[PDB]
Amino acid sequence: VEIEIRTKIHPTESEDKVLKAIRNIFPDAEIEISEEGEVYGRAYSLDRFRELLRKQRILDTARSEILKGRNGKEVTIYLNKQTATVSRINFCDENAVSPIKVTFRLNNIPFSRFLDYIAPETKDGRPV
Amino acid sequence: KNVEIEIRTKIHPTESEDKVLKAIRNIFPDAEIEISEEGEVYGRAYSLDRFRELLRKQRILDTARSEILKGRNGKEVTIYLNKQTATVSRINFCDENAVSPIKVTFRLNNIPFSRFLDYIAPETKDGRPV
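So the protein sequences, as listed, match chains Y and L.
Be aware that the first sequence starts at 3, since it is given in my numbering, and climbs by one per residue.
Be aware that the second sequence starts at 5, since it is given in my numbering, and climbs by one per residue.
Quick look at the structure:
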């Protein structure tokens, strides 16, 4: 699993606060920012993301939003960049005010395997 | 004997307070601004010198004039300015859902609306009052 992150730093945003909102969900991300504010990120550990989804009891929405964003061997979801500043995950649309576009690239593992690892059925009996 | 200028917008968590305020003041340099604990911005301005200058130096009076009209309600005119472009004092009229904008409501107390229009956004290079 490779984690690709995309979003923007608008003229009125702080670079520090956007990099931290991103890191609050994906701590090991390396970010590059273009002259025009484009944010290109790459992460790997799903630990924190999984930890938060469970602590906030939102696996129901997570499991669903993952299915919806599944296209091929890639899964694209959108997280509210603002709520992420306080390490809180909110799934939103692509037109939000902008969001953190996260694109999971599945190398070997099958999709089904990915769904139950991130957002398994009930808060129960989960793969690791 | 006045034009009341009311500024409204917000400062979201990932936004910088300094940048938002300067963006507002790039358009209205003498803005009196207060920020609620939730990030709601409330400002009050008076001079329209900077606003007229920029609409002219940027050659945008046709869009300005039409938008002033499209946003009239009687004695209150409401327009929406792109907050991002205002950071470099570039005036861009937008909608209410811009990814927030600067809501600017002009309160025309004892100055006729028709006269306000020709003062901020006159017709094709025509007569200009002071």
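Positions of the beta carbon are idealized from the N, C-alpha and C atoms, including for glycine.
Using only CA atoms, which one of the options lies nearest to residue i?
i	options	result
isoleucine 27 (chain Y)	Y:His12, Y:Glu15, Y:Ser16 and Y:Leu48	Y:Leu48
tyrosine 50 (chain L)	L:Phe120, L:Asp122, L:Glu41 and L:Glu8	L:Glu8
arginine 12 (chain L)	L:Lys87, L:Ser20 and L:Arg94	L:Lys87
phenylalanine 110 (chain L)	L:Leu121, L:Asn101, L:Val103 and L:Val134	L:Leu121
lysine 129 (chain L)	L:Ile64, L:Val108 and L:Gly78	L:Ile64
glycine 78 (chain L)	L:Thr89, L:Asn113 and L:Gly47	L:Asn113
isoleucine 124 (chain L)	L:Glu71, L:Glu44, L:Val45 and L:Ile39	L:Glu71
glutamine 58 (chain Y)	Y:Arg44, Y:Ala98 and Y:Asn92	Y:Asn92
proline 101 (chain Y)	Y:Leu81, Y:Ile33 and Y:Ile111	Y:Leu81
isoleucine 83 (chain L)	L:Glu36, L:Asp99, L:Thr89 and L:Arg94	L:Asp99
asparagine 6 (chain L)	L:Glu80, L:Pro126 and L:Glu127	L:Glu80
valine 24 (chain L)	Y:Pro13, Y:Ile33 and Y:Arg128	Y:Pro13
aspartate 62 (chain Y)	Y:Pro129, Y:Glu123, Y:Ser89 and Y:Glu34	Y:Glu123
Residue i lies in the beta strand (DSSP E); which residues open and close that run?
i	result
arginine 63 (chain L)	Neither: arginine 63 (chain L) is in no beta strand (DSSP E) and is coded neither H nor E.
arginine 48 (chain L)	44 to 49
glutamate 6 (chain Y)	4 to 10
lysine 103 (chain Y)	102 to 107
Give the straight-line distance between the Cα atoms of residue i and residue j, rounded to the nearest whole angstrom.
i	j	result
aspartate 18 (chain Y)	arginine 56 (chain Y)	27 Å
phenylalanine 113 (chain Y)	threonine 87 (chain Y)	29 Å
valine 99 (chain Y)	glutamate 41 (chain L)	20 Å
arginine 29 (chain L)	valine 104 (chain Y)	35 Å
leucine 58 (chain L)	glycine 75 (chain L)	19 Å
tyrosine 42 (chain Y)	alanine 23 (chain Y)	14 Å
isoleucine 11 (chain Y)	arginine 50 (chain Y)	23 Å
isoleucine 39 (chain L)	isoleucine 111 (chain Y)	49 Å
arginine 119 (chain L)	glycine 131 (chain L)	12 Å
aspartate 30 (chain Y)	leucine 69 (chain Y)	25 Å
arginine 94 (chain L)	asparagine 101 (chain L)	19 Å
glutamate 32 (chain Y)	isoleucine 37 (chain L)	37 Å
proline 133 (chain L)	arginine 69 (chain L)	15 Å
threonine 85 (chain Y)	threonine 89 (chain L)	25 Å
Could you check how far apart the C-beta atoms of residue i and residue j are, in whole angstroms? I think they sit under 8 Å.
i	j	result
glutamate 40 (chain Y)	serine 20 (chain L)	Wrong, their Cβ atoms sit about 18 Å apart, outside the cutoff.
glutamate 10 (chain L)	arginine 48 (chain L)	6 Å
What residue range is occupied by the uninterrupted alpha helix (DSSP H) comprising residue i?
i	result
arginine 115 (chain Y)	113 to 120
Run the proximity test for residue i: is its beta-carbon closer than 6 Å to any non-hydrogen atom belonging to the ligand MN?
i	result
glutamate 76 (chain Y)	For the ligand MN, the structure offers nothing, since it holds no ligand at all.
Pick out the complete alpha helix (DSSP H) segments inside the segment 62 to 97 of chain L, 4 residues or longer, and give them in chain order. 66 to 74 and 87 to 90
Segments assigned alpha helix (DSSP H), at least 4 residues, entirely inside the segment 18 to 44 of chain L: Runs of the alpha helix (DSSP H) inside the segment 18 to 44 of chain L: 21 to 31.
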